[PDB]
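To start, the structure under review is shown below, and the notes come after it.
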Amino acid sequence: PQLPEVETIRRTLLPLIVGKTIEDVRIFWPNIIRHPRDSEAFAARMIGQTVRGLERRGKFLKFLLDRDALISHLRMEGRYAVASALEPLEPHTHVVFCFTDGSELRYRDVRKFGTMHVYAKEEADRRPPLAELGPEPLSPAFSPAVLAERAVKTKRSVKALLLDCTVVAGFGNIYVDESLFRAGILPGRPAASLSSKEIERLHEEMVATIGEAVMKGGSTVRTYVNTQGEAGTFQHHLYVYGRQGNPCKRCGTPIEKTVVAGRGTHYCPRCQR
DNA sequence: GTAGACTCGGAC
DNA sequence: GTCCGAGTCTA
Ligand SMILES: [Zn+2]
């Protein structure tokens with residue numbers, strides 16, 4: 001899940017937990033808890049607090065409690081669900097927050113890559129991982145000017161640049177390949193090789209791509225759904241991601257797949273320069 | 001500052 | 001064996 005996915009999860013999860021008081025916190029896979037490092041302390045400090053709100057920062061969910069903030073990252077396959085405490089638990093449930101009303105917030109993650117950090121509300125923003133996060137793509141803090149700034153200070157590919165959460169928040173593998181194709185730029189291009197026109201173009205497309213995505217509930221390509229288990233629909237609007245060997249939707253040239261910045265990369269050798 | 005290797009487990 | 005909507009730790 002990237003910005004669009006997490007944003008949908010956020011909007012649909014809030015009403016299901018807002019105003020509930022944590023009665024217990026059960027942990028079946030301690031490694032997910034990053035801070036405090038001792039899982040017993042993590043659990044003990046949550047008890048008695050009420051869920052006041054749910055915010056997003058890049059791909060992170062920020063649960064606002066009374067004095068604390070629970071920072072959660074789903075990474076590759078983490079997922080939330082609110083259900084009854086009387087029902088058996090589905091497989092791969094690693095952390096459960098029990099509310100005083102008998103319902104509970106369950107966190108599932110087949111790969112166990114997800115993380116959880118709990119800090120006093122005022123410390124959350126000045127501590128990792130929210131600490132070195134770049135600006136929100138959909139906000140003025142993210143402008144062509146800002147992007148140009150980081151591009152020159154490096155020889156690495158533009159794809160590696162965009163995947164860097166310190167440059168811009170929330171862009172992942174799918175939307176990077178998709179924005180580069182829309183901007184007509186090869187992902188392997190050195191970040192510096194880009195020009196002023198190419199930079200403002202990329203910015204334009206990043207904002208539109210990410211934008212259309214949230215408005216469609218995200219991209220379900222394998223295991224993503226909102227807290228209601230509903231599937232997004234932006235994956236029907238994908239130009240390159242996951243379409244290797246298939247004709248480009250614009251020019252008909254077969255989409256190619258390579259490894260760039262250590263990850264699967266899709267692009268149209270004809271339309272992207 | 002930056003290329004790699006985990007952290008893990010189920011679907012082809 | 002290969003593939004994977006992520007991002008911190010290495011060397
Ligand atoms: Zn094309």
Side-chain angles (χ1 to χ4, degrees), chain A residues 1-10 28-35 37 56-61 71-80 90-95 107-117 127-131 133-134 137 150-152 154 156-180 188 190-192 206 209-210 212-214 217-221 223-226 230-245 257-266:
Chain A
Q2 297 137 295
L3 188 154
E5 297 65 36
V6 181
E7 181 54 44
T8 305
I9 286 173
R10 170 192 156 293
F28 311 111
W29 195 257
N31 288 170
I32 291 184
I33 276 58
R34 297 314 179 81
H35 184 287
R37 193 62 210 180
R56 179 187 65 57
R57 281 289 293 291
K59 300 157 199 178
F60 299 92
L61 282 172
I71 300 163
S72 169
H73 197 112
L74 283 38
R75 289 312 181 86
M76 299 300 245
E77 289 179 55
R79 18 155 56 53
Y80 281 112
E90 332 92 309
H92 307 290
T93 301
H94 299 119
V95 182
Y107 174 72
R108 302 175 65 189
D109 192 339
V110 180
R111 309 188 68 179
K112 305 180 184 181
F113 288 176
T115 59
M116 277 174 201
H117 290 73
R127 296 283 168 53
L130 303 186
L133 253 194
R150 289 296 287 284
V152 289
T154 181
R156 55 184 180 160
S157 60
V158 58
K159 173 159 182 175
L161 179 72
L162 274 34
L163 288 176
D164 195 313
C165 65
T166 73
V167 184
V168 77
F171 272 72
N173 213 206
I174 298 177
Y175 303 112
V176 164
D177 287 12
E178 211 70 14
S179 290
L180 290 170
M206 293 184 69
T209 291
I210 228 65
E212 301 167 4
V214 294
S219 297
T220 294
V221 297
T223 59
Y224 163 76
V225 301
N226 51 49
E230 308 167 296
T233 58
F234 189 85
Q235 63 279 178
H236 303 309
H237 301 289
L238 293 182
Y239 284 105
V240 300
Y241 186 76
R243 309 188 64 248
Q244 55 279 323
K257 183 178 178 184
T258 64
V259 173
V260 171
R263 308 191 61 184
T265 310
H266 321 67

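The chains referred to below are lettered A, B, ... by the order of the sequence lines, with proteins before strands, and numbering in each begins at 1. Values reported hereafter were calculated over all heavy atoms of this structure, with side chains retained and with hydrogens, waters and symmetry mates removed.
- Rounded to whole Å, the distance from CD1 on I9(A) to P on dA6(C) is 13 Å.
- At a cut-off of 3.5 Å, with distance as the only test, a side-chain donor of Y80(A) or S72(A) sits close to an acceptor on the other residue.
- The CG atom of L133(A) sits 13 Å away from the P atom of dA6(C) (whole-angstrom rounding).
- Screening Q244(A), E178(A), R243(A) for a side-chain hydrogen bond (donor to acceptor under 3.5 Å, both in side chains) involving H266(A) leaves a single residue, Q244(A).
- Distance check on atom P: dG7(C) versus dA11(B) gives 25 Å, rounded to whole Å.
- Contact annotation: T154(A) side-chain N/O to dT2(B) OP1/OP2 distance is under 4.0 Å.
- Using a 4.0 Å heavy-atom criterion, one finds that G172(A) contacts the sugar-phosphate atoms exclusively.
- Atom CG in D164(A) sits about 11 Å away from atom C1' in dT8(C), given to the nearest Å.
- Close to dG5(C), at under 4.0 Å from its OP1 or OP2, lies a side-chain N or O of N173(A).
- Annotation: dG10(B) and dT8(C) have their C1' atoms spaced 24 Å apart (nearest Å).
- Ranking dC4(C), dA6(C), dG10(B) by closeness to the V110(A) side chain, first place goes to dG10(B).
- For the pair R263(A) and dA6(C), the criterion of a side-chain N or O lying under 4.0 Å from OP1 or OP2 is met.
- One P atom belongs to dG5(C), the other to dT2(B), and the distance between them is 23 Å to the nearest Å.
- Proximity note for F113(A) (side chain, C-beta onward) versus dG5(C), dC8(B), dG9(B): the nearest is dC8(B).
- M116(A) places its CE atom 18 Å from the P atom of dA6(C), with the value rounded to the nearest Å.
- Side-chain N/O atoms of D177(A) and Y175(A) include no donor and acceptor closer than 3.5 Å.
- In the model, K257(A) has no side-chain atom that pairs as donor or acceptor with a side-chain atom of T265(A) under 3.5 Å.
- Listed nucleotides: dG5(C), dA3(B), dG7(C). Nearest to the side chain of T220(A): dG5(C).
- Straight-line distance from the CE atom of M76(A) to the P atom of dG7(C): 10 Å, rounded to whole Å.
- Between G262(A) and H92(A), it is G262(A) whose nearest contact on DNA chain B lies nearer the 5' terminus.
- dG5(C): no Watson-Crick or G-U partner with both key distances under 3.5 Å is found in any strand.
- Between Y241(A) and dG5(C), a side-chain N or O to OP1/OP2 separation shorter than 4.0 Å is present.
- Remark: side-chain polar atoms of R111(A) are not paired, donor with acceptor, to backbone N or O of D109(A) under 3.5 angstrom.
- A donor and an acceptor atom, one from each side chain of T166(A) and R150(A), are located under 3.5 Å apart.
- Look at OH on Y107(A): it is 12 Å from P on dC8(B), rounded to the nearest Å.
- For the pair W29(A) and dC8(B), the criterion of a side-chain N or O lying under 4.0 Å from OP1 or OP2 is met.
- Both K257(A) and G170(A) sit near DNA chain C, but only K257(A) has its closest nucleotide nearer the 5' end.
- Contact annotation: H73(A) side-chain N/O to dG7(C) OP1/OP2 distance is under 4.0 Å.
- Rounded to whole Å, the distance from CZ on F234(A) to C1' on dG5(C) is 13 Å.
- Between the P atoms of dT7(B) and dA11(C), the separation comes to 12 Å (whole Å).
- Shown here, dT10(C) forms a base pair with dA3(B); the pair counts as Watson-Crick or G-U wobble because both key distances fall under 3.5 Å.
- For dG5(C), neither phosphate oxygen OP1 nor OP2 lies less than 4.0 angstrom from any side-chain nitrogen or oxygen of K59(A).
- Residue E5(A) has its side chain nearest to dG5(C) when only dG5(C), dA3(B), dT8(C) are considered.
- With rounding to whole Å, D109(A) atom CG is found 14 Å from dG7(C) atom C1'.
- Between the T115(A) side chain and the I32(A) main chain, no donor and acceptor come within less than 3.5 Å of each other.
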